[PDB]
Amino acid sequence: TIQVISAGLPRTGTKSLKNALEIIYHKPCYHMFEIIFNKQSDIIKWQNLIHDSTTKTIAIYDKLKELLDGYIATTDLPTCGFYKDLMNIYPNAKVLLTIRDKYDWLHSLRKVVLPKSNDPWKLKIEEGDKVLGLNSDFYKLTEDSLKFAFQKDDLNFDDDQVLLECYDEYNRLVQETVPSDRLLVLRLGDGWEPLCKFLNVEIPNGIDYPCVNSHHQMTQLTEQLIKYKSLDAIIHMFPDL
Ligand SMILES: OCc1ccc(NC[C@@]2(Cc3cccc(C(F)(F)F)c3)CCN(Cc3c[nH]c4ccccc34)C2)cc1N(O)O
Ligand SMILES: Nc1ncnc2c1ncn2[C@@H]1O[C@H](COP(=O)(O)O)[C@@H](OP(=O)(O)O)[C@H]1O
């Protein structure tokens with residue numbers, strides 16, 4: 001069952017955290033990679049779960065628990081905006097918030113997750129997405145999960161100023177909302193020490209804190225997917241996946 005709730009937004013180090021939690025607990029962690037490289041069936045389940053935000057709350061909470069059964073932690077979209085509900089469902093779970101410089105975050109988001117509608121790189125991302133078998137339902141899940149995390153009904157995804165404001169507002173509100181001894185804010189570069197002390201575990205012996213999922217590596221993955229049109233053919237070059 002869930003031991004750690006991760007509230008950090010995509011492109012803040014969530015895959016490195018997922019890897020780190022799996023090293024610490026020796027059990028699997030949710031992350032969107034789980035959805036795309038393992039379980040594309042859960043897309044609609046998240047999308048429908050998102051529209052839901054008393055017998056309404058019990059129905060939502062049971063569907064969250066079923067989606068997360070078998071995992072010890074959640075990172076990344078679409079679980080982000082549910083961090084408060086997860087605190088209620090799992091009262092002993094600790095909460096992590098991965099953060100970084102807002103401009104670095106926005107660039108990383110634009111290059112990997114949510115390119116502008118007139119960015120030429122969007123064309124490549126979409127071509128690689130088809131090689132992975134991702135359809136418009138996945139795109140709507142990404143957009144709706146971000147809107148849900150930001151608590152916005154209407155969001156112009158092409159507006160960087162609004163995304164930067166939403167980023168700062170989201171990170172501030174997590175730090176206001178999570179009881180303070182229940183929260184650890186992790187900045188990129190912090191390493192094992194703050195995470196292991198917060199979780200009260202020993203630092204893993206002789207291994208660096210994970211450094212995975214860079215935009216440089218995602219750009220290479222997209223380029224290789226577009227070139228050969230086969231994930232099986234290229235997976236050997238991307239051992240993290
Ligand atoms: O939770 C991490 C996360 C969750 C979901 C997604 N979906 C983003 C993508 C789809 C998309 C959505 C909206 C607009 C567009 C656009 F604009 F291109 F049309 C594309 C763009 C790239 N595609 C492959 C992929 C990259 N990473 C992934 C992680 C997991 C699963 C797949 C991917 C998915 C990305 C990430 N990140 O952070 O990578
Ligand atoms: N240990 C680490 N040190 C520095 N940056 C790290 C890191 N682990 C992950 N990152 C950065 O976190 C981002 C990935 O976050 P996520 O896994 O949530 O999608 C990437 O930013 P860049 O796109 O700027 O390279 C990646 O380089």
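Index from 1, following the sequence. Both ligands and their constituent atoms are indexed starting at 1 by order of listing. Scope of the values below: all heavy atoms of this structure, side chains included, with no hydrogens, waters or symmetry mates.
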*Would you name the heavy atoms of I50 and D144 that are closest together and state the gap between them?*
CG2-O, 4.1 Å
*List the closest protein heavy-atom neighbour of atom 19 (F) of ligand 1: residue, atom name, distance to the nearest 0.1 Å.*
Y139 CE2, 2.9 Å
*What do you reckon, does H216 have a nitrogen or oxygen under 3.5 Å from a nitrogen or oxygen of ligand 2?*
no
*Hey, is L77 one of the residues with a heavy atom under 4.0 angstrom from ligand 1?*
yes
_Check this for me: does any side-chain nitrogen of one of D160 and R110 sit under 4.0 Å from a carboxylate oxygen of the other?_
yes
_Is the contact between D104 and ligand 2 made by the side chain, the backbone, both, or neither, using heavy atoms and a 4.0 Å cut-off?_
neither
_Suppose we measure from atom 18 (F) of ligand 1 to each protein heavy atom; which comes out shortest, and what is that distance?_
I125 CG2, 3.3 Å
*asked:* Check this for me - ligand 2, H31, N or O atoms closer than 3.5 angstrom, yes or no?
replied: no
*asked:* For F198, does the six-membered ring have the charged nitrogen or CZ of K94 within the cation-pi criterion, i.e. under 6.0 angstrom from the centroid and within 45° of the normal?
replied: yes
*Just let me know how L188 lines up against ligand 2, side chain, backbone, both or neither, with a heavy-atom cut-off below 4.0 Å.*
side chain
_Heavy-atom nearest neighbour of atom 39 (O) of ligand 1 within options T79, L134, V112_ = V112
*Compute the centroid of each ring, for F150 and then for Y167, and state whether the two points are separated by less than 6.0 Å.*
no
*What do you reckon, does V113 put a non-hydrogen atom under 4.0 Å from ligand 2?*
no
_Nearest option to atom 13 (C) of ligand 2, as decided by whichever heavy atom of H107, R100, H215 sits closest_ = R100
*Any idea which of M32, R11, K18, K15 brings a heavy atom closest to atom 17 (O) of ligand 2?*
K15
_Sole candidate of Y83, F82, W46, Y170 that passes ring-ring contact (aromatic ring centres under 6.0 Å, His included) when paired with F148_ = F82
*How about atom 25 (C) of ligand 1: does it have a protein heavy atom within less than 4.0 Å?*
no
_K39 NZ: over 12 foreign heavy atoms closer than 6.0 Å_ = no
*asked:* Could you check whether any heavy atom of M218 sits closer than 4.0 Å to an atom of ligand 1, since that is the contact criterion I want to use?
replied: yes
_Quick test: of every protein heavy atom, which one is nearest to atom 1 (O) of ligand 1, and how far off is it to 0.1 Å?_
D76 OD1, 2.5 Å
*asked:* For a side-chain hydrogen bond (donor to acceptor under 3.5 Å, both in side chains) check, start with the C-alpha distance between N19 and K15, then their side-chain angles and the critical distance, and finish with the verdict.
replied: CA-CA 6 Å; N19 288 5; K15 180 64 163 73; 3.0 Å; yes
*Heavy-atom pair of closest approach, residues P210 and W192*: CD-CZ2, 3.9 Å
*Output the list of atoms in ligand 2 that are nearer than 4.0 Å to some heavy atom of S214, sorted by atom number.*
20 (C), 25 (O), 26 (C), 27 (O)
*Side chains of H216 and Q220, donor plus acceptor under 3.5 Å*: yes
_Tell me whether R11 reaches ligand 1 (any heavy atom closer than 4.0 angstrom to a ligand atom)._
yes
*If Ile, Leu, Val, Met, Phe, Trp and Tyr residues are connected whenever their side-chain heavy atoms lie under 4.5 Å apart, and connections chain through other members, are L134 and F157 in the same group?*
yes
*How close does the nearest protein non-hydrogen atom get to atom 28 (C) of ligand 1, and which residue and atom is it?*
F33 CE1, 3.7 Å
*If you measure every N/O of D129 against every N/O of ligand 1, is any gap under 3.5 Å?*
yes
*Does the protein place any heavy atom closer than 4.0 Å to atom 33 (C) of ligand 1?*
no
_Would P210 count as a contact residue for ligand 2, given that I'm defining contact as a non-hydrogen atom of the residue lying under 4.0 Å from a ligand atom?_
yes
*Just heavy atoms, cut-off under 4.0 Å: does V113 contact ligand 1 by side chain, backbone, both, or neither?*
both
_Shortest protein heavy-atom distance from atom 5 (C) of ligand 1, along with the residue and atom involved_ = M32 CE, 3.0 Å
_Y90 side chain to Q3 side chain, donor-acceptor N/O pair below 3.5 angstrom_ = no
*Do any nitrogen or oxygen atoms of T142 come within less than 3.5 Å of a nitrogen or oxygen of ligand 1?*
yes
